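Notes follow once the structure below has been shown.
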Amino acid sequence: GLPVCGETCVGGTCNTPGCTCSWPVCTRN
């Protein structure tokens, strides 16, 4: 499955609201 989110949560942050941080990458469950 193609991940909706893909922002690096290296700095403990996510751009897309709704995406959970899964260091070092944000992803939505």
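Heads up: the sequence shown at position 7 corresponds to 7 in PDB author numbering, and the numbers run straight through without jumps. Beta carbons: idealized from backbone N, C-alpha and C, even for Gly.
Start and end residues, beta strand (DSSP E) containing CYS26: 25–27
According to DSSP, is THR16 helix, strand or coil? coil
For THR27, which residues from the same chain have a beta carbon less than 7 Å from its beta carbon, with the 5 sequence-adjacent residues on both sides left out? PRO3, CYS5, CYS19 and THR20
Less than 7 Å between the CB of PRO17 and some heavy atom of the ligand PLP, yes or no? You won't find the ligand PLP in this model; it holds no ligand whatsoever.
In angstroms with no decimal places, state the Cα-to-Cα distance between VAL10 and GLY1. 23 Å
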